[PDB]
Amino acid sequence: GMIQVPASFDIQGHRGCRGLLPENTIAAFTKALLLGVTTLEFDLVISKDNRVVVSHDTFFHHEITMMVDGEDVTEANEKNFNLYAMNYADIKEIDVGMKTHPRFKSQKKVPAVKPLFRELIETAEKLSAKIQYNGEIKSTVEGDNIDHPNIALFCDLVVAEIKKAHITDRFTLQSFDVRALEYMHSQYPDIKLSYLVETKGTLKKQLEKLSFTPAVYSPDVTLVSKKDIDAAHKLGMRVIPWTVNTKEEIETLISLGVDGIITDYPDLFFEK
């Protein structure tokens, strides 16, 4: 029958619902909202003109993008189509929904573009006053000035949109980039942080990479252990792994004590 979840469990739609609909699109977010997810999960980058765009990558990815300025998007050229070198007026013209995704073959093919963060917010807020957000700052050290701004500007542009919409208390800012977490923690301490982890390491050695204890510890599912969950809980952290796409894996994790799930298939939770 249904997946049983504890009280206050956080069902997160990964990129809204990538398994079902083109990732990180208003269609995906609307579907996840209507399904009843707790949280819309999504990724943020910056255009040339300093608008916050919802996108997993700072470039148009070949898995999702049919063509840019007439060119077939492949592994060979995808990094040429750099969002940080493009004004949003140009970004918004490029379809990211009709191409078949080799890894999500049942995804619905519909016309879609990369939306502004502001549209995502204004869509979600119209539909729900209780929806939560988990937004990823897609920064890396090597990308500064090339793929996205410096840390302060990247974070400040995102935070400006959060404050404008008055969604601070329903917002978690997630990142792999410890620099973005440190900046957020010292400049905007009222916004909950999630620390994304994908490397080998003890929990202690991962946590020593930050100067503070974040709200959420968010590791690759393969890294999760009951011991680390219990340790994280004793520090007052919630544990929300990613990206978990089968019922049985979700059930195993729930039994170990996780506080939420990031999934491409949030419909798993509403299947009776």
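All values below were derived from every heavy atom in this structure, side-chain atoms included, with hydrogens, water molecules and symmetry-related copies excluded. All residue numbers in this chain count up from 1 along the given sequence.
Aromatic ring centres of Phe154 and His148: separated by under 6.0 Å.
By the 4.5 Å heavy-atom criterion applied to side chains, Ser106 and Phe104 are not counted as neighbours. At least one side-chain heavy atom of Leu181 sits under 4.5 Å from a side-chain heavy atom of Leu210. Using a 4.5 Å heavy-atom cutoff, the side chains of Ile3 and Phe270 are not in contact. Within the 4.5 Å cutoff, the side chain of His14 has no heavy atoms near those of the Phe42 side chain. Residues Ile131 and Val37 are in side-chain contact: their nearest non-hydrogen atoms beyond the backbone lie under 4.5 Å apart. Considering only heavy atoms from C-beta on, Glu93 stays 4.5 Å or farther from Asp90 through its side chain. For the pair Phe60/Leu83, a side-chain contact is recorded, criterion being any heavy-atom separation below 4.5 Å from C-beta on. In this structure, the side chains of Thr30 and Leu127 come closer than 4.5 Å at one or more pairs of heavy atoms.
Side-chain atoms of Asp177 and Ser175 form no donor-acceptor pair, as typed in the model, at a separation below 3.5 Å. Remark: the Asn150 side chain and the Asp144 side chain contain no N/O donor-acceptor pair separated by less than 3.5 Å. Defined by atom type and a distance below 3.5 Å, a donor-acceptor pair is missing between the side-chain atoms of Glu41 and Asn134. Side-chain N/O atoms of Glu182 and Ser211 include a donor and acceptor closer than 3.5 Å.
Nearest heavy-atom pair, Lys192 versus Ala215, reported as atom, atom and distance to 0.1 Å: CB-CB, 4.1 Å. In terms of heavy atoms, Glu23 sits closest to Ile64 at OE1-CG2, 3.6 Å. When all heavy atoms of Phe176 and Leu196 are compared, the pair lying nearest together is CD2-O, 3.4 Å. The two residues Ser139 and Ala180 make their nearest non-hydrogen contact at OG-CB, 4.0 Å. Contact detail for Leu268 and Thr263: the closest heavy-atom pair is CD1-OG1, 4.4 Å. Scanning all heavy atoms of the two residues, the minimum distance from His166 to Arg170 falls at O-NH2, 4.5 Å.
Criterion: ILVMFWY side-chain heavy atoms under 4.5 Å apart, direct or through other members. Under it, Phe117 and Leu157 are part of a common hydrophobic cluster. Note on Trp242 and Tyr133: separate hydrophobic clusters, where clusters join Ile, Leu, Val, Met, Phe, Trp and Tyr whose side-chain heavy atoms are under 4.5 Å apart, directly or indirectly. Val178 and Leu235 end up in the same hydrophobic cluster when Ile, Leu, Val, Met, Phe, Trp and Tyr side chains are linked at under 4.5 Å. Using a 4.5 Å cut-off between side-chain heavy atoms of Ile, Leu, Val, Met, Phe, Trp and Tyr, with links allowed through other members, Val221 and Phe269 fall into the same hydrophobic cluster.
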(message) Apply side chain to side chain contact (heavy atoms under 4.5 Å, CB included) to residues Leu193 and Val216 and explain how you reach the verdict.
(response) CA-CA 6 Å; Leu193 303 180; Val216 175; over 6 Å; no
(message) Set out, in order, the CA-CA distance, both residues' side-chain angles and the distance that settles salt bridge (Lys or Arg N to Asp or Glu O under 4.0 Å) for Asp230 and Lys226, then state yes or no.
(response) CA-CA 6 Å; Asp230 289 341; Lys226 178 61 181 150; 2.7 Å; yes
(message) Walk me through whether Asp156 and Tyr183 qualify under side chain to side chain contact (heavy atoms under 4.5 Å, CB included).
(response) CA-CA 10 Å; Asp156 288 347; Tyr183 180 83; 2.7 Å; yes
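Between the side chain of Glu249 and the backbone N or O of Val244 there is no donor-acceptor pair closer than 3.5 Å.
Taking the side chain to side chain contact (heavy atoms under 4.5 Å, CB included) definition, one finds that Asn77 meets it with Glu71, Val73, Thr74, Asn80, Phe81, sequence neighbours left out.
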Side chains of residues 255-262: which donor-acceptor pairs under 3.5 Å do they make with residues two or more places apart or in other chains?
residue : atom : partner : partner atom : Å
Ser255  : OG   : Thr252  : O            : 2.6
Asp259  : OD2  : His233  : NE2          : 2.7
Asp259  : OD2  : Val239  : N            : 2.8

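Within the structure, the side chain to side chain donor-acceptor pair (under 3.5 Å) test picks out the following pairs touching residues 51-64 (sequence neighbours left out): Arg15-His56, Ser55-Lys114, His56-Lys138, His62-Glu78, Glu63-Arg103.
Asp190 CG: more than 12 foreign heavy atoms inside a 6.0 Å radius.
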